Every structure is written in structure tokens, then in C-alpha cells.
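Quick setup: one chain, the form deposited in one PDB entry, written in C-alpha cells, and binding and motion questions come after.
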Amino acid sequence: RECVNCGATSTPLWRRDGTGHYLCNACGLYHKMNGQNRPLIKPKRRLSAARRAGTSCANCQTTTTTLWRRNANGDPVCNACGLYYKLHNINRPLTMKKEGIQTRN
């Protein structure tokens, strides 16, 4: 078990939010008292596995992504290319390909 807000793996008392997640005591109390997520000393780590053996994006050729998706032909595509196609019904152009992947909140 780990806290959804801060990633802590131990706490004096586990609490939960209204949607199936666990919160450490500190984070749970903060949210209830203020209505906002408990601010972190340092950002909560995440990122995870960005590569997969034997896989690259059929549309932009990248080998790293936050989530491997599939195109209509059944080939793996990276998260950016799969989402761009869903929104625009055209493939994401190579001109949009960037050097790295950003992280958020």
C-alpha cells in the first residue's frame, strides 16, 4: 500500500479518498481540512518503464513512451502519436517529434 498523493509507503494511520485510493494520515487530513492536495517537499516520483523490447512507434519511430497504444493496423504507436490520431484523424507529423518526454504535477 502507498499514498496516492505523496507515494509514502508507511504512515501512522492509513486513510482513503472518495475514489478507491489510499492516503497517508498527513495527506488525508490535509485534503479534508483544506480541499486541496497536500503540497510536497519534492514532487511525487513516477515516470516508470518507458521502453519495451521489440517495440517502437510505427508513426514516429520513437522507442520511448509513457504508454504504448496501437494504430488501426495493429502496430504499436507511442502515446503522443496514438492520441494525436484519435483527435485529428490524421497521423502526427514528424515535425512534431521532440527530443524528450515531459512530466506533470
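Basically, rigid core = biggest C-alpha set you can superpose within 1.5 Å across the two forms. Residues that one form lacks are left out of the comparison. A residue's number is simply how far along the shown sequence it sits, counting from 1.
This protein has a second form, the form deposited in another entry, left out of what is shown; the following refers to that one.
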After a core superposition, would you say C24 shifts its C-alpha by at least 2 Å between this form and the one not shown? yes
Please determine whether the C-alpha atom of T9 is displaced by 2 Å or more between this form and the one not shown following superposition on the rigid core. yes
Relative to the superposed rigid core, does the CA atom of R70 travel 2 Å or more between this form and the one not shown? no
Look at the CA atoms of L83 and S48: state whether they lie closer or farther apart in the other entry than in this form, given a difference of 3 Å or more. farther
Just to spell it out: taking the C-alpha atom of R45 and the C-alpha atom of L83, is that distance smaller or larger in the other entry than in the structure shown here, given it changes by 3 Å or more? farther
Stretches of at least 3 consecutive residues with Cα shifts of 2 angstroms or more throughout between this form and the one not shown, after core superposition, read in sequence order as 1-54
